[PDB]
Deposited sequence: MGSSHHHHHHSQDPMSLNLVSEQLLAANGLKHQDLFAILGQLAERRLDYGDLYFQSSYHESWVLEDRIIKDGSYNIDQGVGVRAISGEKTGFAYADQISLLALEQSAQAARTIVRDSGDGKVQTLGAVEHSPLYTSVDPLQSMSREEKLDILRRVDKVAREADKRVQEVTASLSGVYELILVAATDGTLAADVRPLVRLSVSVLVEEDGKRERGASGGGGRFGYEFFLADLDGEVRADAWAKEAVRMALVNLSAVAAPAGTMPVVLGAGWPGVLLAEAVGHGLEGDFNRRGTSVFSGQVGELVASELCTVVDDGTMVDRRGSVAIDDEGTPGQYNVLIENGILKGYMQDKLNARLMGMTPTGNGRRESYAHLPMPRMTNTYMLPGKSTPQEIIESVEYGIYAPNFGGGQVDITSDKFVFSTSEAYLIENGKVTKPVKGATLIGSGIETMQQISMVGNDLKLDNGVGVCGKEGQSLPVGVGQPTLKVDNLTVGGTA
């Protein structure tokens, strides 16, 4: 696997392992803690169905090398949209100017080690791909006469990476990723609404024609987009104020993944700018709460067989029975905090710097049934789906908008309600969790996380859970 990637990224571009030694040597002329070379090539394809036809398709290619020189807090960085000896030399000579002082030159010998495989290394025909989209269109339109528009898309990426560093690290990965997305519009008596579904992971397109609880997966997802659209078409104004909120299993995990997960990234905590800074050993959550970030999940969108620094993905317990245990790291922030790498050093591409980032972030299951949770609420909201939102990790605020939600009245789910924005404090919200369900699920393969302008594929999850008090931004 290292051999196969090396042939494509190095040998095919006129490079050998001794060229890596020479360029790392150029970096180590300066007084540095670390330097690395990061090689990448990818191909992306898409196909889109709309207005009952195959309307569009695209094919996008990128390739390049990025070079870093690191001393304490400091990083110098340069890169090129090509893989060649000249690009490496120019990039290294720019990056190393971060420090003027001479170094001892003593790098560690490059040596690769094994890691666990987490995903495979046209697999389907063009007409078979397009038949997935045609099937989604047919099933969605057949589901209800009010369905007027359907947009369905297929996206696929095949990515190769290789990293070599002054600490001896030599590592490679082969990364597939596919996504099916469906959006529908419904109309009745001049009123219109929309609904959406989809997912995927690190495998081929055949996943979309496999079984999901007795039906073809693509059919199930087409029907779900229609179901969502019709709920929204019927929904009435949401109430306003502080009340109990039951968050559904799966994608609603984005709210705490974002608020708490970003809060526990090591860059913020090393600088002291997170509300969680210096709090290891303290009760930051209800004793019912255990939160993990898990890079090891076979075939998942959010997983990392290695991260972008060559560190294998790990199962990291962040909060355990309410107690803060520690932080997600990259190599730079681990050194400065006196800690070790965790498998969280990720970069959008060769043209961007790595930093501490999430993989698959989720809360562990507890002892309550979802029915028991709903039956405990006299008046509140049940929120099984969200769009997106935003967080402030310094003052500890999150803001997330519902995409499917209902009143709870006298222990029963009742009327569907319109998009409402929930706002609160991450720590206070975790301390308000009084019931944790036995029904853990992750999202279907849809997560996108942004930090400092860099977007990455991630996972989120949780069981059903009860927040005793949370501010709901409705109108009624």
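So which bits of the deposited chain never got modelled? Model skips 1-15, 137-140 of the deposited chain.
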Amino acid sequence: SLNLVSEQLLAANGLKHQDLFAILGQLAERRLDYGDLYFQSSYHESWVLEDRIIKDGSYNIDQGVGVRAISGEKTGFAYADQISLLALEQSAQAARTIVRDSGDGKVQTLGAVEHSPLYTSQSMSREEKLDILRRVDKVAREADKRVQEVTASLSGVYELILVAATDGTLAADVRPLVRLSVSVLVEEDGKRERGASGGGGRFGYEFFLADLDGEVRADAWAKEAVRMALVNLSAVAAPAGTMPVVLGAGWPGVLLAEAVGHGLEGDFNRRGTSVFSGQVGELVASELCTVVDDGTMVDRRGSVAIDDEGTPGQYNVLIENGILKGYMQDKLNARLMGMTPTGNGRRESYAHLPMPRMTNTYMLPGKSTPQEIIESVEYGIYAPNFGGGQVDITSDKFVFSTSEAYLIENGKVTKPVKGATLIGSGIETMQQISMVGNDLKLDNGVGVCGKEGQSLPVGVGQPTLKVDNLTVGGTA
From here on, numbers count along this sequence of modelled residues.
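Please compare 415-423 with 57-65 and say which has the higher mean C-alpha temperature factor in the record. Higher mean C-alpha B-factor: 415-423.
I need to verify one thing: averaged over C-alpha atoms only, is the B-factor higher for 91-99 or for 110-118? Going by the record's values, the stretch with the higher mean is 110-118.
Selection from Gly278, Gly156, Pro252, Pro354 [criterion: highest C-alpha temperature factor in the record]: Out of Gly278, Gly156, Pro252, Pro354, the record gives the largest C-alpha B-factor to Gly278.
Which of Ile161, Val184, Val178, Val216 ranks first by CA B-factor in the deposited coordinates: Among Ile161, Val184, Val178, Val216, the PDB entry lists the largest C-alpha B-factor for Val216.
Taking the values exactly as deposited, rank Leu37 by C-alpha B-factor within its chain and report the matching third: lowest, middle or highest. Bottom third by C-alpha B-factor.
Split the chain's modelled residues into thirds by Cα B-factor; is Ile433 in the lowest, middle or highest one? Highest third, going by the recorded CA B-factors of the chain.
Which third of the chain holds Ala257 when residues are ordered by C-alpha B factor: lowest, middle or highest? Answer is highest: the recorded C-alpha B-factor places it there.
If you rank the chain by CA B-factor, which third does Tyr379 end up in: lowest, middle or highest? Highest third - that is where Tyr379 ends up once the chain's C-alpha B-factors are sorted.
Within this chain, which third does the Cα B-factor at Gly76 fall in: lowest, middle or highest? For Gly76, whose C-alpha B-factor we compare with every modelled residue in the chain, the answer is the lowest third.
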